[PDB]
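Input: a single structure, listed below in structure tokens.
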Amino acid sequence: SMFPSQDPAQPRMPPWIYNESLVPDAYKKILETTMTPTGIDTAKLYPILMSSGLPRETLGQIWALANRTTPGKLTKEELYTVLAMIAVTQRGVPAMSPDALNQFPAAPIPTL
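In terms of PDB author numbering, the sequence shown is residues 277 to 388.
In structure tokens, the structure reads:
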């Protein structure tokens, strides 16, 4: 997918996060799920995911761990960061570091 090259400007983050070429079904799903016509809405994300068996603690953290824009409005790519960490959490894999996202060739879709 992506190999490492010493470019002193290019980010070396997970390929699937910044792939703006296609938007995931998980995202359009999330529109139906918790999102609004006005964009991201964690408000519904809490009860649904906590009902999915996920912690309202981790759920809030997951919204907030958007690269390094915690108080920032989640953009589509940042919403890939949330989707994937939710997916891995459901799979019993906690979010420990960006290195762990690096270990996934492909990002899972959250089951809801």
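We put the beta carbon where it would ideally sit given N, CA and C, even for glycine.
A check of alpha carbon separations from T351 across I316, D301 and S281 identifies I316 as the nearest.
Under the Cβ criterion (8 Å, minimum of three pairs), the segment 299-308 does not count as touching the segment 327-342.
Here DSSP, grouped into helix, strand and coil, assigns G336 to helix.
Burial check for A319: the Cβ neighbour count within 10 Å stays below 16, so the residue is exposed. Counting along the chain, the unbroken alpha helix (DSSP H) around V364 starts and ends at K352 to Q366. Judged by their CB atoms, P291 and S281 are not nearer to each other than the 8 Å cut-off. If you draw a straight line from the Cα of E354 to the Cα of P284, it is about 22 Å long.
Judged by beta-carbon spacing, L377 lies within the 8 Å limit of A360, meaning their Cβ atoms are closer than that value.
With respect to the C-alpha of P331, the residue from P370, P287, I385 and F279 having the closest C-alpha is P370. Nearest C-alpha to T365 among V299, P347, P386 and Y294: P386.
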